[PDB]
$ cat target_13.tsv   # TSV, C-alpha atoms and all ligand atoms
chain	number	residue	atom	x	y	z
A	1	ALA	CA	0.00	0.00	0.00
A	2	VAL	CA	2.94	2.31	0.72
A	3	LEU	CA	3.65	2.23	-3.03
A	4	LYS	CA	0.01	2.69	-4.05
A	5	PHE	CA	0.73	5.67	-6.33
A	6	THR	CA	3.86	4.15	-7.88
A	7	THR	CA	4.54	1.84	-10.80
A	8	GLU	CA	6.82	-1.13	-10.21
A	9	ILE	CA	9.59	-1.22	-12.83
A	10	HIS	CA	11.30	-4.44	-13.81
A	11	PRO	CA	15.11	-4.42	-13.39
A	12	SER	CA	15.67	-5.49	-17.00
A	13	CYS	CA	14.36	-2.07	-18.09
A	14	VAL	CA	17.01	-0.13	-16.14
A	15	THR	CA	20.63	0.48	-17.17
A	16	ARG	CA	22.84	2.28	-14.65
A	17	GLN	CA	25.65	4.19	-16.35
A	18	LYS	CA	27.47	6.63	-14.05
A	19	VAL	CA	27.46	7.47	-10.35
A	20	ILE	CA	26.18	11.02	-9.80
A	21	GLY	CA	25.81	10.96	-6.02
A	22	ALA	CA	25.51	8.93	-2.85
A	23	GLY	CA	22.22	7.93	-1.28
A	24	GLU	CA	21.56	7.31	2.39
A	25	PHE	CA	22.63	3.69	1.84
A	26	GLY	CA	23.41	3.34	-1.83
A	27	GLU	CA	24.46	5.37	-4.83
A	28	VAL	CA	22.61	7.67	-7.18
A	29	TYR	CA	23.25	7.03	-10.86
A	30	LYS	CA	22.42	8.48	-14.23
A	31	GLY	CA	21.06	5.80	-16.52
A	32	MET	CA	18.46	4.80	-19.07
A	33	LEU	CA	14.92	3.42	-18.79
A	34	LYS	CA	13.24	1.33	-21.49
A	35	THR	CA	9.45	1.50	-21.78
A	36	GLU	CA	15.04	4.82	-23.98
A	37	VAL	CA	14.57	7.75	-21.59
A	38	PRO	CA	17.41	9.17	-19.45
A	39	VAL	CA	16.72	8.73	-15.75
A	40	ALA	CA	18.20	9.27	-12.31
A	41	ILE	CA	18.36	6.12	-10.17
A	42	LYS	CA	18.83	5.92	-6.39
A	43	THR	CA	19.68	2.49	-4.99
A	44	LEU	CA	19.33	0.89	-1.56
A	45	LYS	CA	22.26	-1.50	-1.36
A	46	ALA	CA	22.65	-4.75	0.56
A	47	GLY	CA	22.89	-4.27	4.31
A	48	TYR	CA	20.39	-1.42	4.68
A	49	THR	CA	18.64	-1.27	8.03
A	50	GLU	CA	14.93	-1.54	8.76
A	51	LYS	CA	14.73	2.22	9.30
A	52	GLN	CA	16.54	2.83	6.01
A	53	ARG	CA	14.07	0.55	4.21
A	54	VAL	CA	11.08	2.33	5.77
A	55	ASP	CA	12.48	5.74	4.82
A	56	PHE	CA	13.40	4.60	1.30
A	57	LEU	CA	10.05	3.01	0.41
A	58	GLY	CA	8.26	5.82	2.22
A	59	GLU	CA	10.10	8.33	0.04
A	60	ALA	CA	9.16	6.34	-3.06
A	61	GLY	CA	5.53	6.24	-1.95
A	62	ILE	CA	5.16	9.95	-1.26
A	63	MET	CA	6.90	10.76	-4.56
A	64	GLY	CA	4.43	8.53	-6.38
A	65	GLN	CA	1.59	10.50	-4.84
A	66	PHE	CA	2.93	13.77	-6.26
A	67	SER	CA	1.69	14.60	-9.78
A	68	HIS	CA	2.45	18.26	-10.52
A	69	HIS	CA	4.19	20.23	-13.26
A	70	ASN	CA	6.67	21.68	-10.76
A	71	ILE	CA	7.49	18.53	-8.77
A	72	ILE	CA	10.07	15.98	-9.88
A	73	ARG	CA	8.34	13.08	-11.62
A	74	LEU	CA	8.78	9.55	-10.33
A	75	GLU	CA	9.05	7.05	-13.17
A	76	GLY	CA	8.79	4.06	-10.86
A	77	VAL	CA	10.31	1.90	-8.17
A	78	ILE	CA	12.11	-1.43	-7.93
A	79	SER	CA	10.98	-2.98	-4.64
A	80	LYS	CA	10.57	-6.67	-5.55
A	81	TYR	CA	14.26	-7.17	-6.39
A	82	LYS	CA	17.60	-6.15	-4.89
A	83	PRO	CA	19.07	-3.60	-5.02
A	84	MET	CA	15.86	-1.62	-4.56
A	85	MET	CA	15.65	1.55	-6.61
A	86	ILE	CA	13.81	4.85	-6.95
A	87	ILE	CA	13.79	6.08	-10.56
A	88	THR	CA	12.96	9.63	-11.61
A	89	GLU	CA	13.08	11.75	-14.73
A	90	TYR	CA	16.44	13.31	-15.62
A	91	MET	CA	17.00	16.99	-16.45
A	92	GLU	CA	19.87	17.73	-18.81
A	93	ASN	CA	20.11	21.30	-17.45
A	94	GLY	CA	20.60	19.98	-13.92
A	95	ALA	CA	20.27	21.78	-10.62
A	96	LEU	CA	19.10	25.39	-10.55
A	97	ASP	CA	21.90	26.83	-8.41
A	98	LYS	CA	24.67	25.64	-10.75
A	99	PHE	CA	22.52	26.44	-13.80
A	100	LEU	CA	22.05	30.08	-12.76
A	101	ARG	CA	25.72	30.56	-11.84
A	102	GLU	CA	26.81	29.28	-15.27
A	103	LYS	CA	24.32	31.53	-17.12
A	104	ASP	CA	24.80	34.83	-15.28
A	105	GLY	CA	22.74	37.61	-16.83
A	106	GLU	CA	21.36	35.44	-19.65
A	107	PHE	CA	17.62	35.65	-18.83
A	108	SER	CA	14.93	38.30	-18.75
A	109	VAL	CA	13.21	39.41	-15.56
A	110	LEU	CA	10.04	37.75	-16.87
A	111	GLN	CA	11.90	34.46	-17.31
A	112	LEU	CA	13.36	34.63	-13.80
A	113	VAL	CA	10.01	35.51	-12.22
A	114	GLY	CA	8.40	32.70	-14.22
A	115	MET	CA	10.82	30.23	-12.66
A	116	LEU	CA	9.79	31.51	-9.23
A	117	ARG	CA	6.09	31.14	-10.02
A	118	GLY	CA	6.70	27.50	-10.92
A	119	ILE	CA	8.67	26.78	-7.76
A	120	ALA	CA	5.96	28.47	-5.70
A	121	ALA	CA	3.24	26.42	-7.42
A	122	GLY	CA	5.15	23.24	-6.62
A	123	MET	CA	5.54	24.29	-2.99
A	124	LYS	CA	1.86	25.25	-2.74
A	125	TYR	CA	1.06	21.70	-3.90
A	126	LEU	CA	3.42	20.08	-1.39
A	127	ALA	CA	2.13	22.21	1.49
A	128	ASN	CA	-1.47	21.43	0.51
A	129	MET	CA	-0.58	17.71	0.44
A	130	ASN	CA	0.78	18.22	3.99
A	131	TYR	CA	4.39	17.58	2.97
A	132	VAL	CA	6.98	19.81	4.65
A	133	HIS	CA	10.09	20.01	2.48
A	134	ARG	CA	12.62	21.19	5.11
A	135	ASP	CA	15.46	21.74	2.59
A	136	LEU	CA	14.11	24.07	-0.08
A	137	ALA	CA	17.08	25.68	-1.85
A	138	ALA	CA	18.13	26.18	-5.46
A	139	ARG	CA	20.44	23.17	-5.17
A	140	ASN	CA	17.31	21.00	-4.76
A	141	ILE	CA	15.45	22.32	-7.85
A	142	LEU	CA	15.92	20.84	-11.32
A	143	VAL	CA	15.48	22.77	-14.57
A	144	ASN	CA	14.10	21.19	-17.74
A	145	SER	CA	14.59	22.25	-21.36
A	146	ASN	CA	11.49	24.48	-21.20
A	147	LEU	CA	12.95	26.35	-18.18
A	148	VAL	CA	10.39	24.60	-15.95
A	149	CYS	CA	11.61	24.22	-12.38
A	150	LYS	CA	10.87	20.94	-10.58
A	151	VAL	CA	11.13	20.90	-6.79
A	152	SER	CA	13.20	17.90	-5.70
A	153	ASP	CA	15.19	16.76	-2.67
A	154	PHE	CA	18.65	15.24	-3.03
A	155	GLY	CA	19.37	15.15	0.70
A	156	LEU	CA	21.90	17.16	2.63
A	157	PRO	CA	21.35	24.49	5.67
A	158	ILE	CA	21.33	27.30	8.25
A	159	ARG	CA	21.29	30.02	5.60
A	160	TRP	CA	18.04	28.74	4.07
A	161	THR	CA	16.22	27.81	7.28
A	162	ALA	CA	13.64	29.78	9.23
A	163	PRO	CA	14.56	30.83	12.79
A	164	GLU	CA	11.99	28.59	14.51
A	165	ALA	CA	13.28	25.54	12.61
A	166	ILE	CA	16.87	26.36	13.59
A	167	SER	CA	16.03	27.20	17.18
A	168	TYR	CA	13.61	24.41	18.08
A	169	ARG	CA	13.12	22.15	15.04
A	170	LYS	CA	9.68	23.55	14.15
A	171	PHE	CA	9.55	22.70	10.45
A	172	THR	CA	6.27	23.62	8.76
A	173	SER	CA	5.04	25.01	5.45
A	174	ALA	CA	5.76	28.42	6.99
A	175	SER	CA	9.45	27.62	7.48
A	176	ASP	CA	9.40	26.43	3.85
A	177	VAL	CA	8.09	29.92	2.97
A	178	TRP	CA	11.17	31.46	4.58
A	179	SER	CA	13.31	29.12	2.48
A	180	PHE	CA	11.32	30.10	-0.60
A	181	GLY	CA	12.21	33.73	0.07
A	182	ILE	CA	15.87	32.71	0.07
A	183	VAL	CA	15.29	30.87	-3.22
A	184	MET	CA	13.76	34.04	-4.66
A	185	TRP	CA	17.00	35.86	-3.80
A	186	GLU	CA	19.07	33.03	-5.28
A	187	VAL	CA	17.15	33.24	-8.57
A	188	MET	CA	17.24	37.03	-8.88
A	189	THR	CA	21.00	37.11	-8.13
A	190	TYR	CA	21.85	34.25	-10.55
A	191	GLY	CA	22.90	31.96	-7.73
A	192	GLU	CA	24.77	34.15	-5.30
A	193	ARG	CA	25.60	32.68	-1.90
A	194	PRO	CA	23.03	33.95	0.64
A	195	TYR	CA	24.77	36.31	3.09
A	196	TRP	CA	28.07	35.93	1.15
A	197	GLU	CA	30.98	35.19	3.47
A	198	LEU	CA	29.11	35.41	6.79
A	199	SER	CA	29.51	32.27	8.86
A	200	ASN	CA	26.48	30.30	10.01
A	201	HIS	CA	26.58	31.91	13.46
A	202	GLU	CA	26.98	35.38	11.92
A	203	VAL	CA	23.92	34.72	9.73
A	204	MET	CA	21.79	33.71	12.71
A	205	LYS	CA	22.98	36.69	14.76
A	206	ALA	CA	22.23	39.06	11.88
A	207	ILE	CA	18.73	37.63	11.45
A	208	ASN	CA	18.06	37.85	15.19
A	209	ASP	CA	19.34	41.46	15.19
A	210	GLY	CA	16.81	42.29	12.46
A	211	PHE	CA	19.05	42.37	9.38
A	212	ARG	CA	17.78	40.89	6.13
A	213	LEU	CA	19.36	40.27	2.74
A	214	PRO	CA	19.49	43.42	0.58
A	215	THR	CA	17.90	43.73	-2.82
A	216	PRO	CA	19.46	41.95	-5.78
A	217	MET	CA	20.58	44.15	-8.65
A	218	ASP	CA	17.89	44.93	-11.23
A	219	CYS	CA	15.19	43.40	-9.05
A	220	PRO	CA	11.51	44.35	-9.43
A	221	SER	CA	10.24	46.21	-6.38
A	222	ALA	CA	7.29	43.83	-6.01
A	223	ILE	CA	9.62	40.82	-6.03
A	224	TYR	CA	11.83	42.18	-3.24
A	225	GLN	CA	8.77	43.18	-1.22
A	226	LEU	CA	7.53	39.61	-1.53
A	227	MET	CA	10.79	37.94	-0.49
A	228	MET	CA	11.09	40.33	2.47
A	229	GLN	CA	7.68	39.25	3.79
A	230	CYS	CA	8.76	35.61	3.53
A	231	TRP	CA	11.43	36.54	6.09
A	232	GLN	CA	9.16	37.80	8.88
A	233	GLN	CA	10.42	36.57	12.24
A	234	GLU	CA	6.84	35.79	13.31
A	235	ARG	CA	5.89	32.63	11.44
A	236	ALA	CA	2.18	33.48	11.42
A	237	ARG	CA	2.78	36.76	9.58
A	238	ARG	CA	4.48	35.22	6.53
A	239	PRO	CA	2.51	34.73	3.30
A	240	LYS	CA	1.05	31.31	2.68
A	241	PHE	CA	2.13	29.60	-0.54
A	242	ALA	CA	-1.31	30.41	-2.00
A	243	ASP	CA	-0.55	34.12	-1.51
A	244	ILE	CA	2.87	33.76	-3.16
A	245	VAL	CA	1.55	31.91	-6.22
A	246	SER	CA	-1.27	34.43	-6.63
A	247	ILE	CA	1.07	37.43	-6.44
A	248	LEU	CA	3.63	35.94	-8.81
A	249	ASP	CA	0.92	34.95	-11.28
A	250	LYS	CA	-0.60	38.44	-11.25
A	251	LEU	CA	2.77	40.13	-11.71
A	252	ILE	CA	3.60	37.95	-14.73
A	253	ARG	CA	0.17	38.46	-16.30
A	254	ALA	CA	0.53	42.26	-15.91
A	255	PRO	CA	4.25	42.35	-16.74
A	256	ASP	CA	4.56	46.14	-16.66
A	257	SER	CA	4.27	45.63	-12.90
A	258	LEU	CA	7.83	44.25	-12.95
A	259	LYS	CA	9.36	47.34	-14.59
A	260	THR	CA	9.52	49.23	-11.28
A	261	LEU	CA	12.84	48.31	-9.70
A	262	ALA	CA	13.91	48.35	-6.07
A	263	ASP	CA	16.85	50.63	-5.31
A	264	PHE	CA	20.14	48.73	-5.21
A	265	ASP	CA	22.48	49.78	-2.39
A	266	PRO	CA	25.99	50.12	-3.88
A	267	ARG	CA	28.72	48.43	-1.88
A	268	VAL	CA	31.26	50.42	-3.93
A	269	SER	CA	31.49	54.03	-5.07
A	270	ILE	CA	32.88	54.75	-8.54
A	271	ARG	CA	33.08	58.46	-9.33
A	272	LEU	CA	33.72	59.73	-12.86
B	1	LIG	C1	16.58	9.26	-8.33
B	1	LIG	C2	15.87	10.08	-7.28
B	1	LIG	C3	15.44	9.50	-6.09
B	1	LIG	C4	14.85	10.24	-5.09
B	1	LIG	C5	14.65	11.60	-5.26
B	1	LIG	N1	13.82	12.27	-4.33
B	1	LIG	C6	13.35	13.54	-4.41
B	1	LIG	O1	13.68	14.33	-5.29
B	1	LIG	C7	12.33	13.92	-3.39
B	1	LIG	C8	12.20	13.29	-2.16
B	1	LIG	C9	11.26	13.73	-1.24
B	1	LIG	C10	10.44	14.80	-1.55
B	1	LIG	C11	10.54	15.43	-2.79
B	1	LIG	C12	9.67	16.60	-3.13
B	1	LIG	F1	8.85	16.94	-2.14
B	1	LIG	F2	10.38	17.69	-3.42
B	1	LIG	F3	8.90	16.37	-4.20
B	1	LIG	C13	11.48	14.98	-3.70
B	1	LIG	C14	15.12	12.21	-6.42
B	1	LIG	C15	15.71	11.46	-7.43
B	1	LIG	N2	16.44	11.97	-8.43
B	1	LIG	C16	17.58	12.64	-8.61
B	1	LIG	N3	17.84	13.24	-9.78
B	1	LIG	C17	19.05	13.82	-9.94
B	1	LIG	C18	19.31	14.51	-11.23
B	1	LIG	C19	20.55	15.09	-11.51
B	1	LIG	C20	20.75	15.77	-12.69
B	1	LIG	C21	19.70	15.85	-13.59
B	1	LIG	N4	18.50	15.30	-13.37
B	1	LIG	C22	18.33	14.64	-12.21
B	1	LIG	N5	20.04	13.84	-9.03
B	1	LIG	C23	19.74	13.25	-7.88
B	1	LIG	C24	18.54	12.64	-7.56
B	1	LIG	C25	18.72	12.13	-6.25
B	1	LIG	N6	19.92	12.40	-5.81
B	1	LIG	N7	20.56	13.09	-6.80
B	1	LIG	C26	21.91	13.57	-6.63
$ encode --input "target_13.tsv" --output "structure tokens"
Amino acid sequence: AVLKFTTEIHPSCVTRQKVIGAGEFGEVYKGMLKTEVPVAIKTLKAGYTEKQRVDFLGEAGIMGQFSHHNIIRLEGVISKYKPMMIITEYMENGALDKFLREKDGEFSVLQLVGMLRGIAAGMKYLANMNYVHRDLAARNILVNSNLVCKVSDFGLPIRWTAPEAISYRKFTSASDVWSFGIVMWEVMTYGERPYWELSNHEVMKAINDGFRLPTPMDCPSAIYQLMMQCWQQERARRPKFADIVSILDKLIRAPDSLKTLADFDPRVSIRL
């Protein structure tokens, strides 16, 4: 029943090709699926514990339940044979943080805001399904060849985490909203490191002292206003994901709304 939303894939349809990561007790590979389609494949290798099996098949089962344009698509699961596997779609463009950093300045404001609308729609879906992500960050978002962003989770983030989650482990959709605000800043800066060189303790002290990240360059005023309200100390005052999706949708559909830019604070004076 755990796998009720998932298709069981036969091992003969899967070809693992290269290791692209390490799972909790296994490797992640790039490979091919016949039914050929490129896929990502996470294995659970011999010797896994009971807890690891529960977490692995539980992950597969929740992923099978998710069917949304902005959530990574599960192709299927191998549970009847060993090694067990979770198989997803593969995105040639890869993870959003590296993608942005390698394409600095190459997109329009409308394209960047469109990416954020898609991420927000995915998060609205997860929150509605009562799934708390806990690690929302550009590094966990994949980009397809239509620039569509798919929320994912590759495993292990002070800089992205809401204060109540840091302080007492209160992870909710509202702490995900804080993270989403950080993702907004990541997108609009083309993948800059949140808080630059500040250490983790310096970031937490700054947040507690009331400081917040400054505006990206060339950032629409409405977009910075929105990310700032994602960073309200009081969890109950932050927008819900429904509010975020609605605002982003309305801004894109009336795109002149994005022409008004927030003032950028220069960190350097050049006089000529
Ligand atoms: C195979 C697999 C198994 C499990 C998961 N699980 C989730 O994403 C997950 C879990 C819980 C909740 C949610 C959410 F709530 F967000 F929906 C999502 C993803 C993939 N797939 C990957 N794919 C790629 C990849 C790389 C380059 C281009 N394309 C793809 N790298 C990966 C992984 C996994 N690791 N790595 C390094």
$ closest_residue --input "target_13.tsv" --among "A:238, A:124, A:82, A:205" --to "ligand LIG 1 (chain B)" --atoms "only C-alpha atoms and all ligand atoms"
A:124
$ residues_around --input "target_13.tsv" --residues "region 241-255 of chain A" --least-positions-apart "5" --cutoff "8 Å" --atoms "all atoms listed in the file" --output "short mmCIF file (atom, residue, chain, number, x, y, z; two decimals) with C-alpha atoms, keeping the file's coordinate frame"
data_model
loop_
_atom_site.label_atom_id
_atom_site.label_comp_id
_atom_site.auth_asym_id
_atom_site.auth_seq_id
_atom_site.Cartn_x
_atom_site.Cartn_y
_atom_site.Cartn_z
CA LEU A 110 10.04 37.75 -16.87
CA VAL A 113 10.01 35.51 -12.22
CA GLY A 114 8.40 32.70 -14.22
CA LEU A 116 9.79 31.51 -9.23
CA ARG A 117 6.09 31.14 -10.02
CA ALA A 120 5.96 28.47 -5.70
CA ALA A 121 3.24 26.42 -7.42
CA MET A 123 5.54 24.29 -2.99
CA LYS A 124 1.86 25.25 -2.74
CA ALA A 127 2.13 22.21 1.49
CA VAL A 177 8.09 29.92 2.97
CA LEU A 226 7.53 39.61 -1.53
#
$ atom_distance --input "target_13.tsv" --atom1 "CA of residue 132 (chain A)" --atom2 "CA of residue 173 (chain A)"
5.6 Å
$ closest_atom_pairs --input "target_13.tsv" --of "chain A" --to "ligand LIG 1 (chain B)" --cutoff "9 Å" --atoms "all atoms listed in the file" --output "tab-separated table"
residue	atom	partner	partner_atom	distance
A:20	CA	B:LIG1	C26	5.9
A:21	CA	B:LIG1	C26	4.7
A:22	CA	B:LIG1	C26	7.0
A:23	CA	B:LIG1	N6	6.8
A:27	CA	B:LIG1	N6	8.4
A:28	CA	B:LIG1	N6	5.6
A:29	CA	B:LIG1	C1	7.5
A:30	CA	B:LIG1	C19	7.4
A:38	CA	B:LIG1	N4	8.7
A:39	CA	B:LIG1	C22	7.1
A:40	CA	B:LIG1	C1	4.3
A:41	CA	B:LIG1	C1	4.1
A:42	CA	B:LIG1	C1	4.5
A:43	CA	B:LIG1	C1	8.2
A:56	CA	B:LIG1	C4	8.6
A:59	CA	B:LIG1	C9	5.7
A:60	CA	B:LIG1	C4	7.2
A:62	CA	B:LIG1	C10	7.2
A:63	CA	B:LIG1	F3	6.0
A:66	CA	B:LIG1	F3	6.8
A:70	CA	B:LIG1	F3	8.7
A:71	CA	B:LIG1	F3	5.2
A:72	CA	B:LIG1	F3	5.8
A:73	CA	B:LIG1	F3	8.1
A:74	CA	B:LIG1	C2	7.7
A:85	CA	B:LIG1	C1	8.0
A:86	CA	B:LIG1	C3	5.0
A:87	CA	B:LIG1	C1	4.8
A:88	CA	B:LIG1	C1	4.9
A:89	CA	B:LIG1	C22	6.5
A:90	CA	B:LIG1	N4	3.6
A:91	CA	B:LIG1	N4	3.8
A:92	CA	B:LIG1	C21	5.6
A:93	CA	B:LIG1	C21	6.7
A:94	CA	B:LIG1	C21	4.2
A:95	CA	B:LIG1	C20	6.4
A:122	CA	B:LIG1	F3	8.2
A:123	CA	B:LIG1	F1	8.1
A:126	CA	B:LIG1	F1	6.3
A:131	CA	B:LIG1	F1	6.8
A:132	CA	B:LIG1	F1	7.6
A:133	CA	B:LIG1	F1	5.7
A:135	CA	B:LIG1	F2	8.9
A:136	CA	B:LIG1	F2	8.1
A:140	CA	B:LIG1	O1	7.6
A:141	CA	B:LIG1	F2	8.2
A:142	CA	B:LIG1	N4	6.4
A:143	CA	B:LIG1	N4	8.1
A:144	CA	B:LIG1	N4	8.6
A:150	CA	B:LIG1	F2	7.9
A:151	CA	B:LIG1	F2	4.7
A:152	CA	B:LIG1	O1	3.6
A:153	CA	B:LIG1	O1	3.9
A:154	CA	B:LIG1	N6	4.2
A:155	CA	B:LIG1	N6	7.1
$ atom_distance --input "target_13.tsv" --atom1 "CA of residue 170 (chain A)" --atom2 "CA of residue 211 (chain A)"
21.6 Å
$ residues_around --input "target_13.tsv" --residues "region 218-222 of chain A" --least-positions-apart "6" --cutoff "9 Å" --atoms "all atoms listed in the file" --output "NGL selection string"
:A and (109 or 188-189 or 247 or 251 or 257-264)
$ residues_around --input "target_13.tsv" --residues "residue 224 (chain A)" --least-positions-apart "6" --cutoff "10 Å" --atoms "all atoms listed in the file" --output "PyMOL selection string"
chain A and resi 181+184-185+188+213-216+230+261-262
$ closest_residue --input "target_13.tsv" --among "A:51, A:101, A:139, A:235" --to "residue 165 (chain A)" --atoms "only C-alpha atoms"
A:235
$ atom_distance --input "target_13.tsv" --atom1 "CA of residue 1 (chain A)" --atom2 "CA of residue 128 (chain A)"
21.5 Å
$ residues_around --input "target_13.tsv" --residues "residue 78 (chain A)" --least-positions-apart "3" --cutoff "6 Å" --atoms "only C-alpha atoms" --output "PyMOL selection string"
chain A and resi 8-9+84-85
$ closest_residue --input "target_13.tsv" --among "A:200, A:35, A:130, A:145" --to "residue 171 (chain A)" --atoms "all atoms listed in the file"
A:130
$ residues_near_point --input "target_13.tsv" --point "(22.0, 26.5, 4.7)" --cutoff "9 Å" --atoms "all atoms listed in the file" --output "MDAnalysis selection string"
chainID A and resid 135 137 157:161 194 200
$ closest_residue --input "target_13.tsv" --among "A:112, A:234, A:14, A:228" --to "residue 164 (chain A)" --atoms "only C-alpha atoms"
A:234
$ axis_aligned_box --input "target_13.tsv" --around "region 130-147 of chain A" --padding-each-side "3 Å" --output "AutoDock Vina command-line options"
--center_x 10.6 --center_y 22.0 --center_z -8.1 --size_x 25.7 --size_y 14.8 --size_z 32.5
$ residues_around --input "target_13.tsv" --residues "residue 7 (chain A)" --least-positions-apart "3" --cutoff "9 Å" --atoms "all atoms listed in the file" --output "ChimeraX atom specification"
/A:3-4,64,74-78
$ closest_residue --input "target_13.tsv" --among "A:65, A:166, A:217, A:46" --to "residue 201 (chain A)" --atoms "all atoms listed in the file"
A:166
$ closest_residue --input "target_13.tsv" --among "A:175, A:147, A:198, A:209" --to "residue 107 (chain A)" --atoms "all atoms listed in the file"
A:147
